[PDB]
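Novice: this one's structure only:
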RNA sequence: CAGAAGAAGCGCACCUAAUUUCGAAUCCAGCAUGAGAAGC
Ligand SMILES: [Zn+2]
Ligand SMILES: [Zn+2]
Ligand SMILES: [Zn+2]
Ligand SMILES: [Zn+2]
């Protein structure tokens, strides 16, 4: 079964033994984003397709609320998202709106971040 | 959506809200001659498990037989050349245990 | 179960709109050249068609299938060889009460070690096959004193009797194992005496238990049973 | 000579041989190295273990009142009177032994082998009723067999 | 019937001589043979080699072995954890036991340290190294002997392994 | 008597679970290797007694509510026959109306039973003084039972579910004071006819 | 009776925490990768024993006050059955009135358990002589437990709170003198009815 | 016993400080930022080992004094159990009386940890041959640790202050030979009753 | 179709990741009810 959460967009695919997440991201209200993030629940995996903020922007917020155990993505998507999340936090803090996550959430999101290439079959 | 329904393909738009596909595993081996050794009803079996679209089928040598009669970049060095080179570079300390560790780590991510 | 008849039985459950052999509704399973158009006439092309013909309809981008306990594989590196994805695997199917597991050689090796440890630790030398001397009253006195203070307990007297039934040697083995002072901890397997004491006195009562039980193994079985049945009424 | 006493019916066929894992006991004889199963050793362990082990005064009118009371507050029962009558017919000594066994308070738990009184009794009235049962049945010990049978036959008509 | 088991390790239960055992009744052409686990490991390598294809140990005497294992057990080299893990690798095959004793005895080229437990007591460095080599030689000689005699040798120093 | 209430009970472990082996031969054979064996079937499955847990739950809850419930549990106590626990679970006269099956696992001991090391630690020295091994049941292990109430009254499922909540809160069996036995129940209640089998 | 104390205990981990794996299969699986595994549930949550820590705490503090308490830390030491620690946490005659749960984390092992490198340095050559790997619980990880006291008495929450303060000072788990296991406990107590589940 | 010596140690860095990170995931996350990360808590606070520097300090000076002392720095060593360093810090069966808490800082990583450029220069071309980036703790950073000694003896505060003078002249953490780790300890000790939490 | 803010180079490597003790002890194993009815 698959739930389409989406403000934030996400694809939770409850298999029956895990809660695998596809593309937690926000292209553009922070409170309804936080409530919609709480609506997902504890996810085992957060798979990132690409390194755009329309599909990766909410990944550090998910490690603030401790709702993800592993963030798998492509090894170039990860390095991209380093710059992407620090730039998003630079803009968000710079705009003087209250930051949705912190740089520590960026760091800790890259602490549980695994990386695989194309055509590499993982079994989790 | 209209063009892909024109390709006779079911489409569920996100402004809206069903079959139960279930991949199964088939034994395809006869579990008659079967004993209990350590309170477990077991059988040592030799077989050729196959992963078909939608179905994993364990299959006896009869399977390989039938399929046998039906059927029948990166540089290059020999296996011994690779072992001899990594042996020399390990004892010359170019290749280390940390270098081999991170090469295995990046090789487990893909090629 | 909504059923509709066509010139074709279109049962429409919630587990799929099955049709055994063209309605205008969505059709999920088609239980089926002339044959190809019939599938082309159906809007929302079916997920699976339950049928030379199969080759063609596969190339028409359509799934086919051509006509108990849950089977769980536990064994996973396969290979393309002879078209189908495949691996050599020798293993063991086990038939549990509600499932059929597909285990490998490591499982059988594990249960081989687990059974061999049970097998090898069942007979201990001369089962049912230089002792010090003590008068019968002294044995009564010391077993009574070491039963009041909690050294010789009912479980100790019971386990003395079970090993002494298995011979004198197994009883000496049990008594030597209980009296053994482990060099890494300085502790014997006697249950510690109740009442205020001193480590020299406690060690001497442990020695007294060792000598009184060892002097009882030289006695006759019936005499041993009639000494211990006044303390542990079961055995 | 070798005899397989293990049942040979259930046997898988792996690697083109009919093989079967067993866990049994290879046993010596005069000339028979026999493979005997788990049940055989349970036979010999049971056989060897079983072989090695197998080798006061009170008024009768007050007694009637006591056995009535102790049969109405369920300390004394039909089963107690039955085993009391069997132990009486096996002697005086064994019946005193049985009454001692039942009254014996274990130091570890503080429990006697009587049947508890039903009703709102506190601790020491239950203890006094246990003592009453002790002295009533042990006063019935010294009486002659006909009088004990006529006393018990009011309460347990089978014995 | 053809027993492929050495008929040793036979205790005397009462008026009976016997041996606890686990093996395989491999019924063949007229043999109905009784083969142990080593034959089954061979058979498993047969199958798991054939099916894929379609796609010098020293002698040291038994009493010297008990003497050396006893000496090393009292000087805290062959500890109970070492006897336990050696038994787990011995039941996993003799090759895994060669691999384990080689891994524990391998003087690491950088550090210069072996994976044994250090001798307790006053011993010189050459003496400590000779004791480590004695541990390697004694357990490497114990790898040859069969599973039952190795269980009897190791049960007198580790009662639960 | 025309109806029969079948309460299918599915219990998932939220903690380690222990229930000791009662069989003397099996306990001794396992006490050669582990000091506290878990209770096991001969089909290698884990068995918790369930009738006594439900009866004890209902007895403390109904004694707390102030109802006419006796105390089976005191040493050789006689059930009165007039309580609701004597109706649902039995007295010396009539049997219990609810046949409470054992809580049997859907899994086998290889998958759910682990041998664990427990200690006694000296207070002043802060080192291990005693060590023992005990078999326990892993967290998330799923157990099943089917309570079958014959002659079902209306307040029978409510009492069973209340007892299931009390077993959730106090634990099912074993070392309940240490943290063992904390579980959760799922209730698939139904009401079948007694002539279901007669076709 | 007629009420039950419920102490809802919330741990926040201040220093790192280690409580070792007790299960032989889980430990032997993890000793291939890490030389000191952490105690972990089968649902991948971290398990801390809590009854023994609260016992041991109260035994040391009440022996230091001079109030009579037995010692259950000495090897094979029989509990007295008369002391307040025997009433709260148990003796051989009567069970523990306080049913302490296991301290179970609110988060999963891949979120609060890290693998760490520890050393032994040679005091003279100031050079690593030994290197081991251990699993530790990160700082700030939150654990929860329920201390469910049946037959409530007046001084049974405060001593628990007193024992919690001792566990705040000394530590919980292992490696307590290297600095592991300094924690903070936040308490919420409620006198739940014993017949609360009866609907 | 009846008392417990609480030694509160406040350490102020008199030079840069480097204690290397031990957690695998924190090092692998920081490998593209700093080649030598500092050991920080998950509450973003710097965590320094304290038991092990105190033990090494006391073992070196007590070996120099000639008083009987074993070496717990040699590889897979077994503490003798008889010396005073085995009393304070522990042996294999008696354990450490001095429960030595980690040196957790008073500030966060953003205030005290800075990322630095360290070099290896060729001796004949006077050129940067290797550049590597490592984190360090700034000067003036304040760290706190509480040493709680159970069964207090007479020479337990004095030996710990002597050991702290050894860590003052030698250093704490890593890169001690380069000048990293020079600190100043300030000690406020007090004897607290072990029953102080009872109320 | 998603973010963006006086020069230059470098920001990398290596080792180690093992060892040891303990895995016992104790209490309990009772009691009660029913011994009849009916046909041939
Ligand atoms: Zn995009
Ligand atoms: Zn009743
Ligand atoms: Zn006490
Ligand atoms: Zn020392």
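Specialist: That came through, no problem. Numbering: from 1, shown residues only, chains lettered A, B, ... in the order given. Ligands and ions are numbered 1, 2, ... in the order given.
Novice: And for residue C:46, the neighbour number?
Specialist: Residues within reach of residue C:46, counting by other C-beta atoms under 10 Å in any protein chain shown, total 23. In this view, the C-beta of every residue, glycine as well, is placed from N, C-alpha and C.
Novice: For it, give me its contacts.
Specialist: Counting by C-beta atoms under 8 Å, 6 or more residues apart in numbering or on different chains, residue C:46 touches C:27-30, C:39, C:62.
Novice: got the end-to-end distance for stretch A:23-39?
Specialist: When the termini of stretch A:23-39 are compared using C-alpha to C-alpha, to the nearest Å, they are 15 Å apart.
Novice: Pull out the buried positions in that stretch.
Specialist: A:23-26, A:33-34, A:36-37 (16 or more other C-beta atoms under 10 Å in any protein chain shown).
Novice: Ok, stretch C:163-180 next?
Specialist: C:163-168, C:170-172, C:174-175, C:178-179.
Novice: which residues touch that stretch?
Specialist: With contact meaning C-beta under 8 Å, 6+ apart, stretch C:163-180 is reached by C:124-129, C:131, C:156, C:159-160, C:188-190, C:206-207, C:209-210, C:213-214, C:217-218, C:221, C:224, D:49, D:52-53, E:159.
Novice: Helix or strand next in line after the helix or strand containing residue F:64, which one?
Specialist: Element membership for residue F:64 (DSSP states H and E) is helix F:51-65. Counting by DSSP H and E, the next helix or strand C-terminal to helix F:51-65 is helix F:84-89.
Novice: continuing past that next one, what's the next helix or strand?
Specialist: Helix F:84-89 is succeeded, C-terminally, by strand F:98-100 (DSSP H and E).
Novice: and the next helix or strand after that following strand, what other elements does it pack with?
Specialist: Downstream of strand F:98-100, the first helix or strand assigned by DSSP H and E is strand F:103-105. Contacting strand F:103-105 under the criterion 3 or more C-beta pairs under 8 Å, 6 or more residues apart in numbering or on different chains; DSSP states H and E are the following elements: strand F:47-48, strand F:142-150.
Novice: strands paired with strand F:103-105, and their directions?
Specialist: Paired strands of strand F:103-105, with direction, are strand F:47-48 (antiparallel), strand F:142-150 (antiparallel) (DSSP bridges).
Novice: hmm, back to that, ranking the helices and strands packed on strand F:103-105 by burial, who's on top?
Specialist: Mean neighbours per residue, mean count of other C-beta atoms under 10 Å in any protein chain shown, is largest over the helices and strands packed on strand F:103-105 for strand F:47-48, with a mean of 21.
Novice: what's next to the longest strand anywhere in chain C, contact-wise?
Specialist: If you go by DSSP state E, chain C has its longest strand at strand C:86-95. The contact list for strand C:86-95 (C-beta under 8 Å, 6+ apart) reads B:27, B:29, B:31, B:34, B:40-51, C:69, C:75-80, C:100-105, C:107-108, E:44, E:47-48, E:51-52, E:54-55.
Novice: Got a quick ChimeraX command for the buried subset of those?
Specialist: The ChimeraX selection below is limited to those of those classed as buried (16+ other C-beta under 10 Å):
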select /B:27,29,34,40,41,42,43,44,45,46,47,48,49,50,51 /C:75,100,101,102,103,104,105,107,108 /E:44,47,48,51
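Novice: Having no further points to raise, I will conclude here.
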